[PDB]
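What follows is a single structure, written as structure tokens, with notes after it.
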Amino acid sequence: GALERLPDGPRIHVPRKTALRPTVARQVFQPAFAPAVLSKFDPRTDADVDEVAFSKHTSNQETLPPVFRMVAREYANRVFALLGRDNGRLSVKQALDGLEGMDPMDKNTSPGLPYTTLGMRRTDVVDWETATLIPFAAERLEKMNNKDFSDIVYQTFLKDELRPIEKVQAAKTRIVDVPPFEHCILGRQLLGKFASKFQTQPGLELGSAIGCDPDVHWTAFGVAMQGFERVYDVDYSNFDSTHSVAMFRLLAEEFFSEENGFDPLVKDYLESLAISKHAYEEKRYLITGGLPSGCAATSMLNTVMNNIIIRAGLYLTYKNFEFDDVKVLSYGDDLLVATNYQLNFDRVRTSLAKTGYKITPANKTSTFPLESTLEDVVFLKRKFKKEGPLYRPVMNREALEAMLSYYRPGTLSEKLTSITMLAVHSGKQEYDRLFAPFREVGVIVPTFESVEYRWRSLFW
């Protein structure tokens, strides 16, 4: 919200060509999907894609009800009771290498401005052996330690991916925000030690599916939500952008605070996300509110806010409502409510509408069903398919066809390998149907029994 125009500067090229190309299986399945619109002169749409991206960000909420604060600090108590309040700053060595049971920073990811303009990669700007930034990058990280984030400009561009034909026709393409590499390092310094603990324990108590593995953890999520009377599926609309600047303050003061064992600089880092400066072609602008993408923190941040927001809506809608009445499971804006009560999310939608957040039923029709169970819900594009004492992540049939219909030249073998581990849960008949197009044109893929056996090996 609140997009303020700044003085224009050097041209930072937004890419306007898809790398996606159709496979041999596109003609077979013909999914309701196509590459996202990137150019203004894309003939598949009437609309200007830059206008549609800039039409969003109207204005976030200035204020926010007082119930958001108490439910935030009450959620904080539960989280830090389990994980602990030893969430101090990590060294630059620890940030790059990552802690034990935490992936190291990706060397391939974009380094951000001005390194992308100069044609440099992440491994140019730092030495991973010694954890040593080059003089230019080192002094910028120094200034951010001294409470100054004035140099930080997000490289912003359109997301190259598949979209529904309606999103392609309407030119509604998602926006990627790439922060500078030093900003991304500093983020993992301040919030890394906490993130490592949050990743390792996904479940209903922490209220998060972050750092899970659908093959294994679906059985754990399944059995945990099994005993409950109902399970609701709730989806937000523009969850990242609708975060108010007040929400960021709440997190800094109540959740990611020095009381809970965080670095004092965390507050200033969170303000860099709250009020951020972006570069798009020659345009420069300033968005007040909403969480930018980029780096590993984004999914965790939304997961924390999601547990707060959904309960705050319930507190507002349902009087004498309890915190433990609802058990939550979420991976960012993908939300899953488990409860013994009977909740009406039509009235919760109207409550949260006033607070800025917009929920939807996730079933293409404006009616949250009063009755809903574990078998009905869809979480992470997957369903909960019980099989003996286990649960299998059965992925949507229309999703699987869409994934196989397009690809990026060069990395086709890597793609097919990963999709076999998804399609295995749909059954041998469905499995061999989905890969038949590729085998038809002389492309070998592993047997169903090979990959099905591999999945069963996880539980031995």
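Residue names in the structure tokens use chain letters A, B, ... in the order shown, residue numbers from 1 in each chain, and ligand numbers from 1 in the order shown.
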
Selection: 7 Å around segment 372-383 of chain A, only C-alpha atoms, excl. self and same-chain fewer than 4 positions, as a ChimeraX atom specification: /A:226,230-233,334,393-396

So that I can see what lies close to residue 445 of chain A, please list as a PDB file with N, CA, C and O atoms, in the first residue's frame the residues with an atom at most 8 Å from it, counting only C-alpha atoms and leaving out residues fewer than 4 positions away in the same chain.
```pdb
ATOM      1  N   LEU A 416      11.747 -33.989 -14.493  1.00  0.00           N
ATOM      2  CA  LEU A 416      11.046 -35.274 -14.552  1.00  0.00           C
ATOM      3  C   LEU A 416      11.347 -36.147 -13.334  1.00  0.00           C
ATOM      4  O   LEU A 416      10.465 -36.848 -12.841  1.00  0.00           O
ATOM      5  N   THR A 417      12.587 -36.097 -12.852  1.00  0.00           N
ATOM      6  CA  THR A 417      12.988 -36.855 -11.670  1.00  0.00           C
ATOM      7  C   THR A 417      12.175 -36.443 -10.443  1.00  0.00           C
ATOM      8  O   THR A 417      11.691 -37.296  -9.701  1.00  0.00           O
ATOM      9  N   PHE A 435       3.324 -39.876 -17.539  1.00  0.00           N
ATOM     10  CA  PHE A 435       4.641 -39.970 -18.178  1.00  0.00           C
ATOM     11  C   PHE A 435       4.617 -40.679 -19.539  1.00  0.00           C
ATOM     12  O   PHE A 435       5.639 -40.726 -20.230  1.00  0.00           O
ATOM     13  N   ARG A 439       7.618 -41.153 -22.626  1.00  0.00           N
ATOM     14  CA  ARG A 439       8.044 -42.480 -23.081  1.00  0.00           C
ATOM     15  C   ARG A 439       7.707 -42.713 -24.557  1.00  0.00           C
ATOM     16  O   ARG A 439       8.447 -43.397 -25.266  1.00  0.00           O
TER      17      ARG A 439
END
```

Any chance you could list, as a PDB file with N, CA and C atoms, in the first residue's frame, the residues in segment 115-181 of chain A that come up helix (DSSP H, G or I) when DSSP is run on the backbone?
```
ATOM      1  N   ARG A 122      26.825 -13.773  -6.750  1.00  0.00           N
ATOM      2  CA  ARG A 122      27.053 -13.794  -5.301  1.00  0.00           C
ATOM      3  C   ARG A 122      28.466 -14.248  -4.919  1.00  0.00           C
ATOM      4  N   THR A 123      29.018 -15.206  -5.660  1.00  0.00           N
ATOM      5  CA  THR A 123      30.364 -15.718  -5.378  1.00  0.00           C
ATOM      6  C   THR A 123      31.486 -14.744  -5.775  1.00  0.00           C
ATOM      7  N   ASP A 124      31.153 -13.703  -6.536  1.00  0.00           N
ATOM      8  CA  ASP A 124      32.090 -12.611  -6.802  1.00  0.00           C
ATOM      9  C   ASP A 124      32.220 -11.713  -5.574  1.00  0.00           C
ATOM     10  N   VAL A 125      31.075 -11.334  -5.011  1.00  0.00           N
ATOM     11  CA  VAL A 125      31.022 -10.334  -3.941  1.00  0.00           C
ATOM     12  C   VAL A 125      31.522 -10.839  -2.580  1.00  0.00           C
ATOM     13  N   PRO A 135      35.443  -4.983   0.038  1.00  0.00           N
ATOM     14  CA  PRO A 135      35.367  -3.662   0.673  1.00  0.00           C
ATOM     15  C   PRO A 135      34.077  -2.866   0.435  1.00  0.00           C
ATOM     16  N   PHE A 136      33.557  -2.887  -0.791  1.00  0.00           N
ATOM     17  CA  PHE A 136      32.322  -2.166  -1.119  1.00  0.00           C
ATOM     18  C   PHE A 136      31.109  -2.744  -0.386  1.00  0.00           C
ATOM     19  N   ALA A 137      31.034  -4.070  -0.320  1.00  0.00           N
ATOM     20  CA  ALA A 137      29.927  -4.757   0.346  1.00  0.00           C
ATOM     21  C   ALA A 137      30.067  -4.709   1.866  1.00  0.00           C
ATOM     22  N   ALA A 138      31.307  -4.761   2.349  1.00  0.00           N
ATOM     23  CA  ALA A 138      31.584  -4.739   3.784  1.00  0.00           C
ATOM     24  C   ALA A 138      31.164  -3.424   4.443  1.00  0.00           C
ATOM     25  N   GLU A 139      31.375  -2.308   3.746  1.00  0.00           N
ATOM     26  CA  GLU A 139      31.024  -0.990   4.281  1.00  0.00           C
ATOM     27  C   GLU A 139      29.508  -0.755   4.275  1.00  0.00           C
ATOM     28  N   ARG A 140      28.798  -1.417   3.363  1.00  0.00           N
ATOM     29  CA  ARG A 140      27.336  -1.325   3.310  1.00  0.00           C
ATOM     30  C   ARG A 140      26.690  -2.102   4.455  1.00  0.00           C
ATOM     31  N   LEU A 141      27.241  -3.275   4.762  1.00  0.00           N
ATOM     32  CA  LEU A 141      26.809  -4.060   5.921  1.00  0.00           C
ATOM     33  C   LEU A 141      27.142  -3.333   7.226  1.00  0.00           C
ATOM     34  N   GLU A 142      28.232  -2.568   7.213  1.00  0.00           N
ATOM     35  CA  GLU A 142      28.634  -1.747   8.354  1.00  0.00           C
ATOM     36  C   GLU A 142      27.608  -0.648   8.644  1.00  0.00           C
ATOM     37  N   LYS A 143      27.127   0.013   7.591  1.00  0.00           N
ATOM     38  CA  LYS A 143      26.145   1.094   7.732  1.00  0.00           C
ATOM     39  C   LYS A 143      24.778   0.599   8.203  1.00  0.00           C
ATOM     40  N   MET A 144      24.436  -0.641   7.862  1.00  0.00           N
ATOM     41  CA  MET A 144      23.181  -1.245   8.313  1.00  0.00           C
ATOM     42  C   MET A 144      23.252  -1.627   9.790  1.00  0.00           C
ATOM     43  N   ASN A 145      24.451  -1.959  10.268  1.00  0.00           N
ATOM     44  CA  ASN A 145      24.679  -2.159  11.700  1.00  0.00           C
ATOM     45  C   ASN A 145      24.553  -0.845  12.470  1.00  0.00           C
ATOM     46  N   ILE A 165      -5.261 -19.411 -17.209  1.00  0.00           N
ATOM     47  CA  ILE A 165      -5.504 -18.628 -18.428  1.00  0.00           C
ATOM     48  C   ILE A 165      -6.189 -17.293 -18.108  1.00  0.00           C
ATOM     49  N   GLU A 166      -6.962 -17.259 -17.024  1.00  0.00           N
ATOM     50  CA  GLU A 166      -7.628 -16.035 -16.576  1.00  0.00           C
ATOM     51  C   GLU A 166      -6.607 -15.000 -16.110  1.00  0.00           C
ATOM     52  N   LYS A 167      -5.578 -15.466 -15.406  1.00  0.00           N
ATOM     53  CA  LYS A 167      -4.495 -14.600 -14.932  1.00  0.00           C
ATOM     54  C   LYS A 167      -3.612 -14.119 -16.085  1.00  0.00           C
ATOM     55  N   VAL A 168      -3.458 -14.957 -17.111  1.00  0.00           N
ATOM     56  CA  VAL A 168      -2.710 -14.586 -18.314  1.00  0.00           C
ATOM     57  C   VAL A 168      -3.505 -13.557 -19.117  1.00  0.00           C
ATOM     58  N   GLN A 169      -4.792 -13.832 -19.312  1.00  0.00           N
ATOM     59  CA  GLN A 169      -5.693 -12.918 -20.017  1.00  0.00           C
ATOM     60  C   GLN A 169      -5.794 -11.551 -19.332  1.00  0.00           C
ATOM     61  N   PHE A 181      22.539  -8.454  -1.515  1.00  0.00           N
ATOM     62  CA  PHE A 181      23.100  -9.639  -0.875  1.00  0.00           C
ATOM     63  C   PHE A 181      23.464  -9.395   0.593  1.00  0.00           C
TER      64      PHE A 181
END
```

Taking a cut-off of 10 Å and counting only C-alpha atoms, can you build a table that, for each residue of segment 295-399 of chain A near segment 74-81 of chain A, reports the nearest atom pair and how far apart they are in Å (one decimal), sorted by chain then residue number, as JSON lines?
```
{"residue": "A:304", "atom": "CA", "partner": "A:75", "partner_atom": "CA", "distance": 8.8}
{"residue": "A:307", "atom": "CA", "partner": "A:75", "partner_atom": "CA", "distance": 7.8}
{"residue": "A:308", "atom": "CA", "partner": "A:75", "partner_atom": "CA", "distance": 7.2}
{"residue": "A:311", "atom": "CA", "partner": "A:75", "partner_atom": "CA", "distance": 9.7}
{"residue": "A:323", "atom": "CA", "partner": "A:74", "partner_atom": "CA", "distance": 8.5}
```

Within 12 Å of residue 110 of chain A using only C-alpha atoms, minus same-chain residues under 3 positions, as a PyMOL selection string: chain A and resi 105-107+113-117+119-125+154-156+176-182+184+294-295

Just-selected residues, N, CA, C and O atoms written as an mmCIF file, in the first residue's frame:
```cif
data_model
loop_
_atom_site.group_PDB
_atom_site.id
_atom_site.type_symbol
_atom_site.label_atom_id
_atom_site.label_comp_id
_atom_site.auth_asym_id
_atom_site.auth_seq_id
_atom_site.Cartn_x
_atom_site.Cartn_y
_atom_site.Cartn_z
ATOM 1 N N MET A 105 23.466 -20.538 2.548
ATOM 2 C CA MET A 105 22.955 -19.551 1.601
ATOM 3 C C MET A 105 23.266 -19.981 0.172
ATOM 4 O O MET A 105 24.369 -20.449 -0.116
ATOM 5 N N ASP A 106 22.284 -19.830 -0.711
ATOM 6 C CA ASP A 106 22.405 -20.297 -2.086
ATOM 7 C C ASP A 106 23.333 -19.374 -2.877
ATOM 8 O O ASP A 106 23.150 -18.157 -2.890
ATOM 9 N N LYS A 107 24.319 -19.975 -3.537
ATOM 10 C CA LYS A 107 25.350 -19.231 -4.260
ATOM 11 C C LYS A 107 24.869 -18.760 -5.634
ATOM 12 O O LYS A 107 25.465 -17.861 -6.227
ATOM 13 N N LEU A 113 21.054 -5.345 -6.417
ATOM 14 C CA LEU A 113 21.709 -4.133 -6.912
ATOM 15 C C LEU A 113 22.853 -3.716 -5.988
ATOM 16 O O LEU A 113 22.776 -3.930 -4.776
ATOM 17 N N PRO A 114 23.924 -3.121 -6.551
ATOM 18 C CA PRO A 114 24.168 -2.843 -7.964
ATOM 19 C C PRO A 114 24.938 -3.963 -8.679
ATOM 20 O O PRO A 114 25.423 -3.758 -9.791
ATOM 21 N N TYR A 115 25.025 -5.136 -8.056
ATOM 22 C CA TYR A 115 25.870 -6.224 -8.553
ATOM 23 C C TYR A 115 25.310 -6.853 -9.829
ATOM 24 O O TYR A 115 26.070 -7.287 -10.697
ATOM 25 N N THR A 116 23.984 -6.897 -9.937
ATOM 26 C CA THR A 116 23.322 -7.400 -11.140
ATOM 27 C C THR A 116 23.494 -6.446 -12.322
ATOM 28 O O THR A 116 23.618 -6.889 -13.464
ATOM 29 N N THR A 117 23.500 -5.143 -12.047
ATOM 30 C CA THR A 117 23.756 -4.136 -13.077
ATOM 31 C C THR A 117 25.195 -4.226 -13.586
ATOM 32 O O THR A 117 25.454 -4.012 -14.770
ATOM 33 N N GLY A 119 26.955 -6.988 -13.515
ATOM 34 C CA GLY A 119 27.133 -8.316 -14.098
ATOM 35 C C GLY A 119 27.857 -9.304 -13.201
ATOM 36 O O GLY A 119 28.482 -10.244 -13.693
ATOM 37 N N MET A 120 27.764 -9.099 -11.888
ATOM 38 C CA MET A 120 28.432 -9.963 -10.917
ATOM 39 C C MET A 120 27.443 -10.904 -10.239
ATOM 40 O O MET A 120 26.251 -10.609 -10.151
ATOM 41 N N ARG A 121 27.957 -12.039 -9.773
ATOM 42 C CA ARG A 121 27.173 -13.033 -9.044
ATOM 43 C C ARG A 121 27.510 -12.967 -7.556
ATOM 44 O O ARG A 121 28.377 -12.194 -7.147
ATOM 45 N N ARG A 122 26.825 -13.773 -6.750
ATOM 46 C CA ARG A 122 27.053 -13.794 -5.301
ATOM 47 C C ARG A 122 28.466 -14.248 -4.919
ATOM 48 O O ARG A 122 29.044 -13.729 -3.967
ATOM 49 N N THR A 123 29.018 -15.206 -5.660
ATOM 50 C CA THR A 123 30.364 -15.718 -5.378
ATOM 51 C C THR A 123 31.486 -14.744 -5.775
ATOM 52 O O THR A 123 32.640 -14.945 -5.393
ATOM 53 N N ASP A 124 31.153 -13.703 -6.536
ATOM 54 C CA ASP A 124 32.090 -12.611 -6.802
ATOM 55 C C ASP A 124 32.220 -11.713 -5.574
ATOM 56 O O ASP A 124 33.326 -11.374 -5.152
ATOM 57 N N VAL A 125 31.075 -11.334 -5.011
ATOM 58 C CA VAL A 125 31.022 -10.334 -3.941
ATOM 59 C C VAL A 125 31.522 -10.839 -2.580
ATOM 60 O O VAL A 125 31.932 -10.035 -1.744
ATOM 61 N N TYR A 154 15.570 -2.513 -3.541
ATOM 62 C CA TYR A 154 15.134 -3.820 -4.030
ATOM 63 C C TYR A 154 15.076 -3.836 -5.555
ATOM 64 O O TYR A 154 14.471 -2.952 -6.163
ATOM 65 N N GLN A 155 15.703 -4.839 -6.167
ATOM 66 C CA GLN A 155 15.544 -5.086 -7.600
ATOM 67 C C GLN A 155 14.209 -5.784 -7.820
ATOM 68 O O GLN A 155 14.003 -6.901 -7.345
ATOM 69 N N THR A 156 13.310 -5.127 -8.548
ATOM 70 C CA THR A 156 11.944 -5.610 -8.705
ATOM 71 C C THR A 156 11.625 -5.921 -10.164
ATOM 72 O O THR A 156 11.980 -5.159 -11.065
ATOM 73 N N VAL A 176 8.409 -10.269 -8.223
ATOM 74 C CA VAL A 176 9.565 -10.720 -7.459
ATOM 75 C C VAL A 176 10.327 -9.502 -6.954
ATOM 76 O O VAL A 176 10.511 -8.532 -7.689
ATOM 77 N N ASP A 177 10.758 -9.559 -5.697
ATOM 78 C CA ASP A 177 11.593 -8.523 -5.105
ATOM 79 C C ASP A 177 12.900 -9.162 -4.659
ATOM 80 O O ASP A 177 12.896 -10.061 -3.818
ATOM 81 N N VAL A 178 14.011 -8.714 -5.236
ATOM 82 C CA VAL A 178 15.332 -9.221 -4.871
ATOM 83 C C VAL A 178 16.085 -8.165 -4.064
ATOM 84 O O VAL A 178 16.481 -7.133 -4.615
ATOM 85 N N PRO A 179 16.286 -8.411 -2.756
ATOM 86 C CA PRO A 179 17.090 -7.481 -1.966
ATOM 87 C C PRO A 179 18.581 -7.613 -2.284
ATOM 88 O O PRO A 179 18.987 -8.594 -2.911
ATOM 89 N N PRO A 180 19.395 -6.630 -1.861
ATOM 90 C CA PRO A 180 20.844 -6.779 -1.974
ATOM 91 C C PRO A 180 21.367 -7.952 -1.149
ATOM 92 O O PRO A 180 20.713 -8.384 -0.198
ATOM 93 N N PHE A 181 22.539 -8.454 -1.515
ATOM 94 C CA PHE A 181 23.100 -9.639 -0.875
ATOM 95 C C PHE A 181 23.464 -9.395 0.593
ATOM 96 O O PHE A 181 23.357 -10.305 1.415
ATOM 97 N N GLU A 182 23.864 -8.168 0.921
ATOM 98 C CA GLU A 182 24.252 -7.818 2.292
ATOM 99 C C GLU A 182 23.023 -7.748 3.194
ATOM 100 O O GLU A 182 23.065 -8.162 4.354
ATOM 101 N N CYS A 184 20.358 -9.494 2.629
ATOM 102 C CA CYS A 184 19.951 -10.892 2.747
ATOM 103 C C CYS A 184 20.825 -11.646 3.756
ATOM 104 O O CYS A 184 20.340 -12.539 4.450
ATOM 105 N N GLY A 294 11.895 -12.576 -1.540
ATOM 106 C CA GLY A 294 13.356 -12.691 -1.539
ATOM 107 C C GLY A 294 13.880 -13.183 -0.203
ATOM 108 O O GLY A 294 13.332 -12.844 0.845
ATOM 109 N N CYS A 295 14.944 -13.986 -0.251
ATOM 110 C CA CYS A 295 15.551 -14.607 0.938
ATOM 111 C C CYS A 295 14.623 -15.636 1.603
ATOM 112 O O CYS A 295 13.447 -15.755 1.248
#
```

Using 10 Å as the limit and counting only C-alpha atoms, can you tabulate each residue of segment 266-312 of chain A that touches segment 10-13 of chain A, with its shortest atom-to-atom distance in Å and the two atoms involved, as CSV?
```
residue,atom,partner,partner_atom,distance
A:279,CA,A:12,CA,7.0
A:280,CA,A:12,CA,6.4
A:281,CA,A:12,CA,4.6
A:282,CA,A:11,CA,4.5
A:283,CA,A:11,CA,8.1
A:284,CA,A:10,CA,9.6
```

Next, the residues of the selection above should be written as a PDB file, in the first residue's frame with N, CA, C and O atoms.
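Final file, out30.pdb:
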```
ATOM      1  N   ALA A 279      13.216  -0.628  -7.420  1.00  0.00           N
ATOM      2  CA  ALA A 279      13.634  -0.168  -8.744  1.00  0.00           C
ATOM      3  C   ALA A 279      13.017  -1.045  -9.833  1.00  0.00           C
ATOM      4  O   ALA A 279      13.165  -2.269  -9.814  1.00  0.00           O
ATOM      5  N   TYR A 280      12.330  -0.408 -10.778  1.00  0.00           N
ATOM      6  CA  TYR A 280      11.633  -1.103 -11.858  1.00  0.00           C
ATOM      7  C   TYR A 280      11.876  -0.339 -13.160  1.00  0.00           C
ATOM      8  O   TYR A 280      11.358   0.762 -13.341  1.00  0.00           O
ATOM      9  N   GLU A 281      12.671  -0.926 -14.055  1.00  0.00           N
ATOM     10  CA  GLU A 281      13.159  -0.233 -15.255  1.00  0.00           C
ATOM     11  C   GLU A 281      13.888   1.054 -14.836  1.00  0.00           C
ATOM     12  O   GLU A 281      14.944   0.975 -14.208  1.00  0.00           O
ATOM     13  N   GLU A 282      13.332   2.221 -15.162  1.00  0.00           N
ATOM     14  CA  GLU A 282      13.883   3.498 -14.701  1.00  0.00           C
ATOM     15  C   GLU A 282      13.064   4.074 -13.541  1.00  0.00           C
ATOM     16  O   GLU A 282      13.436   5.097 -12.968  1.00  0.00           O
ATOM     17  N   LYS A 283      11.963   3.408 -13.193  1.00  0.00           N
ATOM     18  CA  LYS A 283      11.078   3.874 -12.129  1.00  0.00           C
ATOM     19  C   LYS A 283      11.708   3.585 -10.772  1.00  0.00           C
ATOM     20  O   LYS A 283      12.316   2.532 -10.576  1.00  0.00           O
ATOM     21  N   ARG A 284      11.565   4.532  -9.850  1.00  0.00           N
ATOM     22  CA  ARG A 284      11.927   4.326  -8.451  1.00  0.00           C
ATOM     23  C   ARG A 284      10.716   4.692  -7.609  1.00  0.00           C
ATOM     24  O   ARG A 284      10.105   5.739  -7.827  1.00  0.00           O
TER      25      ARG A 284
END
```

Shell of 10 Å around segment 90-94 of chain A, only C-alpha atoms, local chain residues under 3 positions omitted, as a list in words: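 Once the adjacent positions are removed, what remains is residues 87, 97, 98, 99, 100, 104, 105, 128, 129, 130, 131, 132, 133, 185, 186, 187, 188, 189, 190, 191, 192, 193 and 263 of chain A.
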
Can those selected residues be exported to a file as an mmCIF file, in the first residue's frame so that it contains N, CA and C atoms?
```
data_model
loop_
_atom_site.group_PDB
_atom_site.id
_atom_site.type_symbol
_atom_site.label_atom_id
_atom_site.label_comp_id
_atom_site.auth_asym_id
_atom_site.auth_seq_id
_atom_site.Cartn_x
_atom_site.Cartn_y
_atom_site.Cartn_z
ATOM 1 N N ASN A 87 17.991 -16.498 20.682
ATOM 2 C CA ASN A 87 17.894 -16.203 19.254
ATOM 3 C C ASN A 87 18.811 -15.048 18.848
ATOM 4 N N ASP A 97 27.395 -20.317 5.862
ATOM 5 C CA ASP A 97 27.495 -21.771 6.006
ATOM 6 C C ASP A 97 26.182 -22.392 6.488
ATOM 7 N N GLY A 98 25.406 -21.630 7.254
ATOM 8 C CA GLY A 98 24.180 -22.139 7.864
ATOM 9 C C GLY A 98 24.494 -23.008 9.068
ATOM 10 N N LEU A 99 23.591 -23.015 10.044
ATOM 11 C CA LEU A 99 23.767 -23.834 11.245
ATOM 12 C C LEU A 99 23.535 -25.313 10.936
ATOM 13 N N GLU A 100 23.902 -26.172 11.883
ATOM 14 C CA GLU A 100 23.729 -27.615 11.726
ATOM 15 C C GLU A 100 22.242 -27.956 11.692
ATOM 16 N N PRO A 104 22.830 -23.921 3.741
ATOM 17 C CA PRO A 104 23.680 -22.749 3.538
ATOM 18 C C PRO A 104 23.071 -21.808 2.508
ATOM 19 N N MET A 105 23.466 -20.538 2.548
ATOM 20 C CA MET A 105 22.955 -19.551 1.601
ATOM 21 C C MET A 105 23.266 -19.981 0.172
ATOM 22 N N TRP A 128 33.381 -17.618 0.272
ATOM 23 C CA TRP A 128 32.657 -18.548 1.142
ATOM 24 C C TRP A 128 33.598 -19.360 2.031
ATOM 25 N N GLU A 129 34.840 -19.528 1.580
ATOM 26 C CA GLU A 129 35.882 -20.185 2.369
ATOM 27 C C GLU A 129 36.145 -19.427 3.669
ATOM 28 N N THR A 130 36.401 -18.125 3.541
ATOM 29 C CA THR A 130 36.790 -17.276 4.669
ATOM 30 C C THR A 130 35.653 -16.416 5.230
ATOM 31 N N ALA A 131 34.515 -16.381 4.535
ATOM 32 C CA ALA A 131 33.400 -15.493 4.888
ATOM 33 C C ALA A 131 33.865 -14.037 4.912
ATOM 34 N N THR A 132 34.338 -13.567 3.761
ATOM 35 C CA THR A 132 34.930 -12.238 3.635
ATOM 36 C C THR A 132 34.272 -11.452 2.502
ATOM 37 N N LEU A 133 33.522 -10.413 2.864
ATOM 38 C CA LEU A 133 32.928 -9.506 1.882
ATOM 39 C C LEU A 133 33.998 -8.607 1.274
ATOM 40 N N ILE A 185 22.107 -11.285 3.828
ATOM 41 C CA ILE A 185 23.009 -11.819 4.851
ATOM 42 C C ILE A 185 22.572 -11.347 6.233
ATOM 43 N N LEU A 186 22.410 -10.034 6.383
ATOM 44 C CA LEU A 186 22.032 -9.431 7.665
ATOM 45 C C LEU A 186 20.711 -9.986 8.194
ATOM 46 N N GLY A 187 19.775 -10.267 7.292
ATOM 47 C CA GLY A 187 18.518 -10.909 7.664
ATOM 48 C C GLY A 187 18.730 -12.260 8.323
ATOM 49 N N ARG A 188 19.594 -13.080 7.729
ATOM 50 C CA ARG A 188 19.912 -14.400 8.280
ATOM 51 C C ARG A 188 20.779 -14.326 9.539
ATOM 52 N N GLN A 189 21.547 -13.251 9.696
ATOM 53 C CA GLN A 189 22.284 -13.024 10.939
ATOM 54 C C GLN A 189 21.324 -12.802 12.105
ATOM 55 N N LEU A 190 20.373 -11.891 11.912
ATOM 56 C CA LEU A 190 19.470 -11.465 12.979
ATOM 57 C C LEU A 190 18.375 -12.489 13.298
ATOM 58 N N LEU A 191 17.855 -13.160 12.270
ATOM 59 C CA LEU A 191 16.729 -14.090 12.428
ATOM 60 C C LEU A 191 17.077 -15.558 12.144
ATOM 61 N N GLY A 192 18.358 -15.857 11.926
ATOM 62 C CA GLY A 192 18.784 -17.204 11.542
ATOM 63 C C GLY A 192 18.697 -18.241 12.643
ATOM 64 N N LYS A 193 19.238 -17.909 13.813
ATOM 65 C CA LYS A 193 19.255 -18.838 14.947
ATOM 66 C C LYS A 193 17.840 -19.262 15.343
ATOM 67 N N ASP A 263 18.307 -9.796 18.654
ATOM 68 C CA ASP A 263 19.238 -8.680 18.518
ATOM 69 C C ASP A 263 18.457 -7.363 18.450
#
```

Which residue of A:300, A:2, A:245, A:421 approaches residue 274 of chain A most closely, using only C-alpha atoms: A:245

Residue among A:301, A:134, A:336, A:152 lying closest to residue 277 of chain A, counting only C-alpha atoms: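 Distance minimum relative to residue 277 of chain A lands on A:152.
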
Segment 200-214 of chain A surroundings by only C-alpha atoms, 9 Å radius, close-in-sequence under 3 positions cut, as an NGL selection string: :A and (78-79 or 82-83 or 101-102 or 195-197 or 217-221 or 224-225 or 299-300 or 303-304 or 307 or 327-332 or 338 or 380 or 382 or 392-393)

Near-residue 314 of chain A list (12 Å; only C-alpha atoms; drop same-chain fewer than 3 positions) as a VMD selection string: chain A and resid 67 to 68 71 307 to 311 317 to 326 337 341 to 352

For those residues, write C-alpha atoms to a file as a PDB file, in the first residue's frame.
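This is the output file selection34.pdb:
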```pdb
ATOM      1  CA  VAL A  67      -6.810  -7.702  19.884  1.00  0.00           C
ATOM      2  CA  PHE A  68      -3.963  -8.222  17.382  1.00  0.00           C
ATOM      3  CA  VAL A  71      -3.004 -12.650  20.455  1.00  0.00           C
ATOM      4  CA  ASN A 307      -1.321 -17.620  13.177  1.00  0.00           C
ATOM      5  CA  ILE A 308      -1.924 -14.130  14.608  1.00  0.00           C
ATOM      6  CA  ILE A 309      -4.301 -12.818  11.922  1.00  0.00           C
ATOM      7  CA  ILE A 310      -6.643 -15.838  11.728  1.00  0.00           C
ATOM      8  CA  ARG A 311      -7.048 -15.967  15.528  1.00  0.00           C
ATOM      9  CA  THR A 317     -16.040 -12.508  15.233  1.00  0.00           C
ATOM     10  CA  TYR A 318     -16.594 -15.013  18.059  1.00  0.00           C
ATOM     11  CA  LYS A 319     -16.989 -13.555  21.559  1.00  0.00           C
ATOM     12  CA  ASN A 320     -15.671 -15.612  24.515  1.00  0.00           C
ATOM     13  CA  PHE A 321     -13.431 -17.447  22.020  1.00  0.00           C
ATOM     14  CA  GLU A 322     -10.315 -19.266  23.263  1.00  0.00           C
ATOM     15  CA  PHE A 323      -6.789 -19.462  21.823  1.00  0.00           C
ATOM     16  CA  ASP A 324      -6.644 -23.271  22.137  1.00  0.00           C
ATOM     17  CA  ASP A 325     -10.113 -23.771  20.583  1.00  0.00           C
ATOM     18  CA  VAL A 326      -8.311 -23.676  17.223  1.00  0.00           C
ATOM     19  CA  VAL A 337      -7.722 -24.601  10.739  1.00  0.00           C
ATOM     20  CA  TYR A 341     -16.024 -26.274  17.347  1.00  0.00           C
ATOM     21  CA  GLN A 342     -18.246 -25.304  14.401  1.00  0.00           C
ATOM     22  CA  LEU A 343     -16.807 -22.107  12.904  1.00  0.00           C
ATOM     23  CA  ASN A 344     -18.493 -19.893  10.301  1.00  0.00           C
ATOM     24  CA  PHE A 345     -15.814 -18.209   8.173  1.00  0.00           C
ATOM     25  CA  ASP A 346     -18.369 -16.136   6.215  1.00  0.00           C
ATOM     26  CA  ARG A 347     -18.648 -13.852   9.266  1.00  0.00           C
ATOM     27  CA  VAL A 348     -14.867 -14.021   9.853  1.00  0.00           C
ATOM     28  CA  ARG A 349     -14.301 -12.739   6.293  1.00  0.00           C
ATOM     29  CA  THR A 350     -16.442  -9.675   7.086  1.00  0.00           C
ATOM     30  CA  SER A 351     -14.565  -9.100  10.364  1.00  0.00           C
ATOM     31  CA  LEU A 352     -11.074  -9.264   8.832  1.00  0.00           C
TER      32      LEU A 352
END
```

Nearby residues (only C-alpha atoms) at most 12 Å from residue 32 of chain A, same-chain spacing under 4 positions excluded, as a PyMOL selection string: chain A and resi 26-27+162-169+398-403+405-406
